[PDB]
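Enquirer: Order-wise, the sequence lines are chains A, C, D and B.
With the deposited numbering applied, the first sequence covers 2 to 174, 182 to 263.
Just so we're aligned, residue 2 is where the second sequence starts under the deposited numbering, counting upward by one.
With the deposited numbering applied, the third sequence covers 0 to 56, 62 to 70.
Just so we're aligned, residue 2 is where the fourth sequence starts under the deposited numbering, counting upward by one.
A virtual CB, placed ideally from N, CA and C, is assigned to each residue, including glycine.
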Amino acid sequence: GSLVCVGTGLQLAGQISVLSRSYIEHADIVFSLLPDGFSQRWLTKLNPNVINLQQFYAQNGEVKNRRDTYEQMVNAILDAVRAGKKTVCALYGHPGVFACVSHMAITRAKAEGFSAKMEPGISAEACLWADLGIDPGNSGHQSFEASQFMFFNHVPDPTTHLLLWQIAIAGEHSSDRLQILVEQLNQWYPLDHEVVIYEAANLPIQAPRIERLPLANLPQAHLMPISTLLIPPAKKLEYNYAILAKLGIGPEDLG
Amino acid sequence: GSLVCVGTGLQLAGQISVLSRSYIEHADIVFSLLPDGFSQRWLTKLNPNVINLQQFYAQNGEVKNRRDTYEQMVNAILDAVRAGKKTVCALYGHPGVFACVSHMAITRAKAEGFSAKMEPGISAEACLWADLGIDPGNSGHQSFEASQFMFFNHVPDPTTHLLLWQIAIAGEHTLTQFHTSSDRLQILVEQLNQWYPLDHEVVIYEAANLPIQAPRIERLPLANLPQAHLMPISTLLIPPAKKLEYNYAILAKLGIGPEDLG
Amino acid sequence: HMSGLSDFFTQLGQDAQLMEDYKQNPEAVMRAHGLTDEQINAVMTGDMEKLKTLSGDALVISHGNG
Amino acid sequence: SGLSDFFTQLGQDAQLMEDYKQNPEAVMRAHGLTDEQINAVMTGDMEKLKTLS
Ligand SMILES: Nc1ncnc2c1ncn2[C@@H]1O[C@H](CSCC[C@H](N)C(=O)O)[C@@H](O)[C@H]1O
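#1: For D:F8, would you say it is in contact with chain C, using Cβ-to-Cβ distances shorter than 7 Å as the test?
#2: Ligand 1 and D:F8: does the residue's C-beta get closer than 6 Å to at least one heavy atom of that ligand?
#3: Can you name the residues of chain C whose CB is closer than 7 Å to the CB of A:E146?
#4: Which residues, in chain order, does the stretch 11-25 of chain D contribute to contact with chain A at a C-beta distance below 8 Å?
#5: By the 10 Å Cβ neighbour count, where 16 or more other Cβ atoms means buried, how is A:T161 classified, buried or exposed?
#6: Below 7 Å between beta carbons is the criterion; list the residues of the stretch 5-21 of chain C that meet it against any residue of chain B, in chain order.
#7: Taking all protein chains shown into account, decide if C:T236 is buried (16 or more other Cβ within 10 angstroms of its Cβ) or exposed.
#8: So with CB distances below 7 Å, who are the chain A contacts of B:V42?
#9: Just to confirm my understanding: we take D:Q13, look at its own chain, exclude 5 residues before and 5 after, and list those with CB closer than 8 Å. What are they?
#10: Do you know offhand how far A:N139's Cα is from C:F152's?
#11: Pick out the complete alpha helix (DSSP H) segments inside the stretch 90-174 of chain C, 4 residues or longer, and give them in chain order.
#12: Report the option in D:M18, D:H32 and D:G55 whose CA atom is closest to the CA atom of D:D6.
#13: Comparing C-alpha positions only, which one of A:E219, A:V5, A:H155 and A:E207 sits nearest to A:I234?
#14: Count the other C-beta atoms from every protein chain shown that fall within 10 angstroms of the C-beta of D:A27, then say buried if there are 16 or more, exposed otherwise.
#15: Compute every distance between the C-beta of C:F99 and the non-hydrogen atoms of ligand 1, then say whether any falls below 6 Å.
#16: Any heavy atom of ligand 1 closer than 6 Å to the beta-carbon of C:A125?
#17: Could you tell me which uninterrupted beta strand (DSSP E) segments, each at least 3 residues in length, are contained entirely in the stretch 13-65 of chain C, listed from first to last along the chain?
#18: Do A:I25 and A:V89 come within 7 Å of each other at the CB atom, strictly closer than that value?
#19: In terms of residue numbering, what span does the beta strand (DSSP E) encompassing B:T35 cover?
#20: Which same chain residues end up closer than 7 Å to residue 181 of chain A when comparing Cβ atoms and leaving out the 5 residues on each side of it in sequence?
#21: According to DSSP, is A:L211 helix, strand or coil?
#22: From what residue to what residue does the alpha helix (DSSP H) around C:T70 run?
#23: Shorter than 7 Å from the beta carbon of A:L262 to some beta carbon of chain D?
#24: Quickly, what does DSSP pair residue 311 of chain A with across the bridge? List them, please.
#25: DSSP three-state label for C:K87, please.
#26: Of all the CB atoms in chain D, is at least one closer than 7 Å to the CB of A:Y206?
#27: Quick test of the definition: if touching needs 3 or more C-beta pairs under 8 Å, does the stretch 62-82 of chain A touch the stretch 105-117 of chain A?
#28: Does the stretch 182-192 of chain A come close enough to the stretch 124-141 of chain C that 3 or more CB-CB pairs lie under 8 Å?
#29: For D:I65, decide whether its Cβ has a neighbour in chain C, counting only Cβ atoms nearer than 7 Å.
#30: Could you name the residues of the stretch 103-126 of chain C whose beta carbon sits closer than 7 Å to any beta carbon of chain B, in the order they occur along the chain?
#31: Could you tell me whether any non-hydrogen atom of ligand 1 is closer than 6 Å to the CB of C:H95?
#32: Sorry if obvious, but does the Cβ on A:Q143 come closer than 6 Å to a heavy atom of ligand 1?
#33: For C:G8, which three-state DSSP category applies?
#34: Using a Cβ-Cβ distance under 7 Å, would A:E246 count as near chain C?
#35: Helix, strand or coil: which one does DSSP assign to D:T52?
#36: Which residue from D:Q23, D:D56, D:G3 and D:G68 puts its Cα closest to that of A:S3?
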């Protein structure tokens, strides 16, 4: 058997790649880790042989560790592959982005000598660029998981568009934690620096959340799991006179 | 008149979104910028009324500032919109990732009171994560245009993944050529060597454009970059050079210590 | 043949069933879609430039000067 | 299904999207959404939607 992990993108039905959809259609068995019921209903109609891995999560208010549950999910996927089934895993967004189970399953499938691959899909970040009309290449781009940004030393380049993901759980090992994030960011960004809270739309009738507000107000904003923080540049680009010199040119030579 | 900008991804046929494909099919006219002739054919069978934006690039020998090329592309798109055509601009990859033509056209259409929007697509970066087995969400990641990295003051975080786009024209200041030189690349190496050792392993990545093609994943020491064979389509991945460092200041505020990081 | 090549690559790019069949038996699948000997050789050697010849035939859309 | 089927069609079909954006209420009713559902969409109340189908 074999394994292919695909993503659905963010938008229902419409944002999945043509090939990725085809993979689901023609699969012997599909393991789904989809967020909502519209997504689930849609998948079931592509292929009736669907196993919802969400079932492996805690049920009836039982206690269950993430790492144990991921292991069960992965083991369930691999069992299908071992049995000889053309197995497809359908994840949300891009299947290798904020997704340990895909990576783990593919890793384990390879190690056991099975064919296994990841198909790219449209991530929340891809949606952000389109919705806000921003090119990451315009002044550069940096993305961090918000908690990682707080726990470890990651000095941003303030000429870039800075993205902080999973802002809703920033600093979890609350307005208190977000206030700490504000003070951190205030090293490089003024408190009245306009930032944007972004949430990609998941339904075609649904507008994306694009809330502009001063940095200082972030602690008092309502956040969801999908919320992301965009921090636009605080400084214009400035010439690297040293490197230009080495190149034997000046700012005037830039076409 | 209206404008929708869509991407087609990197792979032939299969990497376009279902909705994006629909947009192309229903369009009055499509302006395209695609990787190759197979893609062009595929597009034409989707919608035969295609204007190839390739034509606006400098022809053999001609000296042309790409600012002009992009300006003429945008203008061509807007002429369709202004004439009352339901216009689709179909760009390879993601129409708004290291691509100005779409953002420009949308901005202009809006300014003139037309309906305009961009649909996200699969970028070379999305492909890179998949092919290399990296989760960029958890690890973090950074992107810069190589030339912009050289000409302007950018400071990378050497603890997280660093992508340099358009490495094949790194340092080409005129915007009239479509390749750089070993000596330009050498200067980039020297610049990078502030943070990255000369023997640091880097990766020249090229996503496959055809389904029978393997991606290029060439691992080499950074010092060797100036001798490498680069394509316009090449991207440079520079993995972390330094190990993560504790944000003691912020940890203390959260009331936790390095020991608690789990 | 030139058209047939293009049509094969197009189907292969979009069709998961054909894709999985291809990966199992590349040559056999290619022959069953009417590809010639030298088309198949070019695929197997990974000679992309030959393929473009057999079908019969600048990608920067950004700058960094500001 | 209904709401699901509609949302599925809308999200995949550019022509339906076109029709939708010109007259959302009419297109939604044409596809058998209820006054409550239609209202949830036009108000942007994603929560109430979840609790409808
Ligand atoms: N197949 C591919 N593999 C790797 N990088 C690629 C690529 N195609 C484009 N790129 C990157 O993109 C640059 C061209 S700019 C076009 C970007 C395109 N819209 C996208 O979303 O990918 C190249 O110089 C390279 O840095």
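Expert: This is what the structure holds:
#1: In the third sequence, residue 8 of chain D corresponds to position 9, counting from 1. Cβ-Cβ to chain C under 7 Å: yes for D:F8.
#2: As a working note, residue 8 of chain D is residue 9 in the third sequence. Checking the Cβ of D:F8 against ligand 1 gives no.
#3: The residue labelled residue 146 of chain A in the question sits at position 145 within the first sequence. Here the neighbours are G138, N139 and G141.
#4: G12, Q13, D14, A15, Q16, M18, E19 and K22
#5: Here residue 161 of chain A corresponds to residue number 160 of the first sequence, with the count starting at 1. Burial call: buried.
#6: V19 and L20
#7: Locating residue 236 of chain C in the second sequence gives position 235, where the first residue counts as 1. Buried, since its Cβ has 16 or more Cβ neighbours within 10 Å.
#8: Locating residue 42 of chain B in the fourth sequence gives position 41, where the first residue counts as 1. Simply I213.
#9: Against the third sequence, residue 13 of chain D aligns to sequence position 14. Same-chain partners within the cutoff: there are none.
#10: Against the first sequence, residue 139 of chain A aligns to sequence position 138. Against the second sequence, residue 152 of chain C aligns to sequence position 151. A:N139 and C:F152: Cα-Cα distance of roughly 13 Å.
#11: 102-112, 125-133, 137-140 and 147-152
#12: Taking the first residue of the third sequence as 1, we reach residue 6 of chain D at position 7. Taking only the C-alpha atoms, the option nearest D:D6 is D:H32.
#13: Position 226 of the first sequence, counted from the first residue, corresponds to residue 234 of chain A. Of A:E219, A:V5, A:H155 and A:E207, the smallest CA-CA separation from A:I234 is found for A:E207.
#14: By one-based count along the third sequence, residue 27 of chain D stands at place 28. Counting the other CB atoms within 10 Å of its CB gives D:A27 a total below 16, which places it among the exposed residues.
#15: As a first step, residue 99 of chain C is located in the second sequence; it is residue number 98 there, counting from the start. Yes, the beta carbon of C:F99 sits closer than 6 Å to at least one heavy atom of ligand 1.
#16: Against the second sequence, residue 125 of chain C aligns to sequence position 124. Yes, the beta carbon of C:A125 sits closer than 6 Å to at least one heavy atom of ligand 1.
#17: 30-34 and 51-53
#18: In the first sequence, residue 89 of chain A corresponds to position 88, counting from 1. In the first sequence, residue 25 of chain A corresponds to position 24, counting from 1. A contact, by the Cβ cut-off of 7 Å.
#19: Position 34 of the fourth sequence, counted from the first residue, corresponds to residue 35 of chain B. Premise fails: B:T35 is in no beta strand (DSSP E) and is neither H nor E.
#20: No coordinates exist for residue 181 of chain A in the structure shown, because the numbering of chain A passes directly from 174 to 182.
#21: Locating residue 211 of chain A in the first sequence gives position 203, where the first residue counts as 1. DSSP places A:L211 in coil when its eight states are reduced to three.
#22: Counting from 1 along the second sequence, the entry for residue 70 of chain C is found at position 69. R67 to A84 is the span of the alpha helix (DSSP H), which, as asked, contains C:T70.
#23: In the first sequence, the residue the question calls residue 262 of chain A occupies position 254. It does; some Cβ of chain D falls within 7 Å.
#24: As displayed, chain A neither begins before 2 nor continues past 263, which places residue 311 of chain A out of reach and without an answer.
#25: In the second sequence, the residue the question calls residue 87 of chain C occupies position 86. Three-state DSSP puts C:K87 in a strand.
#26: Along the first sequence, read from residue 1 onward, the residue named residue 206 of chain A stands at position 198. Chain D, which has no Cβ nearer than 7 Å to the Cβ of A:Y206, makes this no.
#27: yes
#28: no
#29: Counting from 1 along the third sequence, the entry for residue 65 of chain D is found at position 61. Judged by the 7 Å Cβ criterion, D:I65 is in contact with chain C.
#30: none
#31: In the second sequence, the residue the question calls residue 95 of chain C occupies position 94. Yes.
#32: As a working mapping, residue 143 of chain A is identified with position 142 in the first sequence. Every heavy atom of ligand 1 is 6 Å or more from the Cβ of A:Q143, so no.
#33: Position 7 of the second sequence, counted from the first residue, corresponds to residue 8 of chain C. Three-state result, C:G8: strand.
#34: For the purposes of this step, residue 246 of chain A is taken as the residue at position 238 of the first sequence. By this cut-off, A:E246 is an interface position.
#35: Numbered from its first residue, the third sequence carries residue 52 of chain D at position 53. It is helical.
#36: The count along the first sequence starts at 1 and reaches residue 3 of chain A at position 2. Measuring from the Cα of A:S3, the nearest candidate turns out to be D:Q23.
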